[PDB]
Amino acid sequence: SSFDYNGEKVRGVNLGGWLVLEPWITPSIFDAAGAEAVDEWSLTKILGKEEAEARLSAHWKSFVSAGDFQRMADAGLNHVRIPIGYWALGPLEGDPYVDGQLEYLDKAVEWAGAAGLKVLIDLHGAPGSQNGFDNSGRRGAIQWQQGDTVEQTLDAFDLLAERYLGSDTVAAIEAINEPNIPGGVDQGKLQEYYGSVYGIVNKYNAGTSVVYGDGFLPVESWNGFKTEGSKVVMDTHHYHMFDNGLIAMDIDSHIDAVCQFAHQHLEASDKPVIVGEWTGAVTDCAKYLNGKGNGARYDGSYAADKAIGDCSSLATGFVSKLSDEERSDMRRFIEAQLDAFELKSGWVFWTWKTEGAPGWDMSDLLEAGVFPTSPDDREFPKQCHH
């Protein structure tokens, strides 16, 4: 009942890199700490607790203001998805992580409310790492579900729910970002964690929707699990640069793949489905996207046999430096995604703000006239239909 996921379209952005730092979103912060600083875990460990609190709190305070939220509303959005790590609820004994993020999430909920936006809180990192990505807090291993990690996840989730779910601004809360089933996360144990998260949400505020990631399975494979109308929302992430088939496509083929995704997957789900992450980029050229120290599929330097093209132009900077045809093709890709993802329950762009990652930065694309500001703001014919 906070938001009608069944009947109204989500139009959102992510605050990636804010309360869970990521090297590609703020490379300057990781590069200032040297070559071993490759994720939030290693960054805080290298700085130590005092200096980590100093540097990360300067970022938490400067990266987001009420003005960000006002600009999001002025762009036609109704949602903001906010990643937070388990360590924001108190680092475990021995973790290098610092806390303090809750003070800033508290401001976001107030600022979102003032701007007329809903907040979707996203538990983006779990003890042991649910995916092995740097964006979980610690790259290189999937240890979530070993030891007491799941109980520790539920302890953190419970504190987070207590603090926030009583606000009607917090319309929805996500169990865990990108639990990596193909990477070894056990689906049966994930479903048990999902059931416990639902129980937590309904202890405090039945009006708040529960959001479940598809775990990289087809989102329609979750049919028959917690099917409850507006109450339970699936979150699928749609990207064209992490797959060696999609990354080889031309712009027309990219647009075809987006419509095919909406028809085969979004329209096949028995629940509301948000595309809770997607972007304007069609390459993996952004500096450190595959991890600090790692290259790109697109130029043959990461997980690849051959270069498709060169990453010099798309690694860094802002879209004003590209050609008119490059900006035009990026907008065609974005409009196709807006229209395809609104066939089902809507969308949440990744991400609001970067240090310059062409096609990834909504605040950049909006100002450049690349990102549409309403469903009627279209420069190209509608590319996907019912």
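Numbers for residues come from their place in the sequence shown, where the first is 1.
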{"property": "Selected stretch [higher average CA B-factor]: 123-131 or 87-95", "result": "87-95"}
{"property": "346-354 set against 327-335, stretch whose average Cα temperature factor tops the other in the entry", "result": "327-335"}
{"property": "Residue with maximal Cα B-factor (values as given in the PDB entry) among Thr149, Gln260, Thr279, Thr227", "result": "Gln260"}
{"property": "Out of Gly137, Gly215, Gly166, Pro272, residue topping the C-alpha B-factor column of the entry", "result": "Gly166"}
{"property": "Lowest, middle or highest third - CA B-factor, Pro179", "result": "lowest"}
{"property": "Position of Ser57 among the chain's modelled residues by C-alpha B-factor, lowest, middle or highest third", "result": "middle"}
{"property": "Entry-reported Cα temperature factor of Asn78, expressed as the chain third it lands in", "result": "middle"}
{"property": "For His237, the third of its chain into which the C-alpha B factor falls", "result": "lowest"}
{"property": "Assigned third (lowest, middle, highest) for the C-alpha B factor of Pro27", "result": "middle"}
